[PDB]
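Numbering (PDB author numbering), first residue to last: 27 to 456.
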Ligand SMILES: C[N+](C)(C)[C@@H](Cc1cnc[nH]1)C(=O)O
Ligand SMILES: [Br-]
Ligand SMILES: [Cl-]
Ligand SMILES: [Mg+2]
Ligand SMILES: [Mg+2]
Ligand SMILES: [Mg+2]
């Protein structure tokens, strides 16, 4: 009696008995930030039912919704169990599954407060979720309102871009100041700048080591035909800057999940003011305070020879096999021998394998399980890298968020490696 609009309820007891079943898919339709652990309705335990997959109901407007579902391996032969903060928030998702040929769809009504409120009901969360902030958190922050996971009295919202002030001037978070990516990294090496330059640059942008820095960027459809495609990949640049600031010693760095798009999707006010900087005289800590976050070429070579270490290549497949360099300023094509490949996505300016279509980070369990299939696991010292370290920093950040204890960015990347003609490299399909 398949009813597209009337959905079977599943009880708490029934769901608890199915937690280990391989043919049940439990689907969390709340925002990815709530899934990660943010207690968006004041629940005492945040996160998701253990084993649940993330499928935010916001994505129902995506024309590729069904391909998102299929790529998550959610199949018509599965028993689908949907939950959100309320069963009403699941109704449109339940219908969309039934309209696309899924005949076994139930809704679980008692996730909150029944499941969240009882410590015998298993839940999971992204261990360092408080570094990956939702738009509502940033809005409360700049509004001077009490927000969770924030006990500081000093903050700065920083809009990152690579030589493209228009990315900021065309629309930004109220009160934010822009930080060009060249302020923290050198155009000669495309590595992080020296400690003296970083100190000066951070001070001139109004940042101290005890300032809470909220970083975001704007995705503006990077095109390889342009001279600087990176000028349109603002949110990768933001995570790259988060890497450098955390290396330098900013103790509390946050990243807005999904970048500028999350802010406008949440309906918040846009500003076009060119906000002047409020400089500070003293950064307030030795730079770098966290040198272990950065790996340079000599240590990278050692890691290729150690059993407990790996370099992780976060480049595209055409870069991997030496078909393209990836960049209009890199001539050499190939790959570092001995690195573990973790395909970023389609090219140097897209991170589709680490992101959702709305640019929020991919469900971390999926990233975790793919990495584990290649032997990328938390018990190793891992140095993520890419062409010059932007994509590598975004991979690194994702592992940092899972609480992995020895993750780093090999800053130099393929740019530095291939610039020494004495360094071995491989090419072609392996
Ligand atoms: C280091 N720059 C800013 C020159 C890179 C940054 C980058 C973006 N996606 C991969 N790398 C570039 O824009 O090519
Ligand atoms: Br981006
Ligand atoms: Cl039915
Ligand atoms: Mg299951
Ligand atoms: Mg670099
Ligand atoms: Mg090794």
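From the three backbone atoms N, C-alpha and C, an ideal C-beta is built for every residue, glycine too.
query = Which same chain residues, not among the five before or five after residue 44, have their C-beta less than 7 Å away from its C-beta?
reply = 50
key: Cα-Cα separation, residue 346 to residue 257   = 23 Å
message = Would you say the beta carbon of residue 77 is closer than 7 Å to some non-hydrogen atom of ligand 4?
response = yes
message = Tell me which residue opens and which closes the beta strand (DSSP E) that residue 407 is part of.
response = 407-411
request  = May I ask you to list the residues that DSSP assigns as paired with residue 108?
outcome  = 53 and 133
key: Coarse secondary structure for residue 146, derived from DSSP in three states   = coil
task = Decide yes or no for the touch test of the stretch 268-275 against the stretch 285-294: beta carbon pairs closer than 8 Å, at least 3 of them.
result = no
ask   = Would you call residue 353 buried or exposed, if buried means 16 or more other Cβ atoms sit within 10 Å of its Cβ?
value = buried
query = Between which two residues does the beta strand (DSSP E) containing residue 417 stretch?
reply = Not the beta strand (DSSP E): residue 417 falls in the alpha helix (DSSP H), residues 416-427.
Cβ shell of residue 315 (< 6 Å), same chain only, five flanking positions each side left out = Shown here for residue 315: same chain residues with a beta carbon closer than 6 Å to its own, the five before and five after excluded, namely 275 in chain order.
query = Roughly how far, in whole angstroms, is the beta-carbon of residue 277 from the beta-carbon of residue 236, given that I think they are within contact range, below 8 Å?
reply = 6 Å
inquiry  = What residue range does the alpha helix (DSSP H) around residue 436 cover?
reply    = From DSSP, residue 436 is part of no alpha helix (DSSP H) but of the beta strand (DSSP E) over 433-436.
query = For residue 6, is the classification buried or exposed, using 16 other Cβ atoms within 10 angstroms of its Cβ as the cut-off for buried?
reply = No answer is possible for residue 6: the residues shown for the chain start at 27 and end at 456.
Residues near residue 31 in its chain [Cβ-Cβ closer than 7 Å; skip 5 each side] = If we look at residue 31 and ignore the five residues flanking it on each side, its Cβ neighbours are 121.
task = Measuring alpha carbon to alpha carbon, tell me which of 177, 441, 448 and 454 ends up nearest residue 215.
result = 441
ask   = Heavy atom of ligand 6 less than 7 Å from the Cβ of residue 336, yes or no?
value = Yes, ligand 6 has a heavy atom inside 7 Å of this Cβ.
request  = Name the two residues that bound the continuous alpha helix (DSSP H) containing residue 34.
outcome  = Careful: residue 34 lies outside any alpha helix (DSSP H), inside the beta strand (DSSP E) at 34-36.
query = From what residue to what residue does the beta strand (DSSP E) around residue 123 run?
reply = Unbroken run through residue 123 is the alpha helix (DSSP H), 117-125; no beta strand (DSSP E).
ask   = Is the stretch 447-456 close to the stretch 424-434, with three or more CB pairs under 8 Å?
value = no
ask   = What are the boundary residues of the alpha helix (DSSP H) that residue 391 is part of?
value = Residue 391 -> alpha helix (DSSP H) spans 390-399.
ask   = Just curious, the alpha helix (DSSP H) that residue 296 is in, first and last residue?
value = DSSP places residue 296 in no alpha helix (DSSP H); its state is neither H nor E.
key: Cβ contact check for the stretch 72-84 and the stretch 52-64: 3 or more pairs under 8 Å   = yes
ask   = Can you find at least 3 beta carbon pairs, one from the stretch 245-263 and one from the stretch 300-316, that sit closer than 8 Å?
value = No, the stretch 245-263 does not touch the stretch 300-316.
message = Taking the beta carbon of residue 96 as the centre, do at least 16 other beta carbons fall within 10 Å, making it buried, or is it exposed?
response = exposed
Shell residues, 6 Å Cβ cut-off relative to heavy atoms of ligand 5 = 216, 217, 414, 415, 437, 438 and 439
query = Of the residues 101, 78 and 142, which one's Cα is nearest the Cα of residue 66?
reply = 142
query = Is residue 199 near ligand 2, with its Cβ less than 7 Å from a heavy atom?
reply = Relative to ligand 2, even the nearest heavy atom lies 7 Å or more away from the CB of residue 199.
task = Return yes when at least one heavy atom of ligand 2 lies under 7 Å from the C-beta of residue 262, else no.
result = yes
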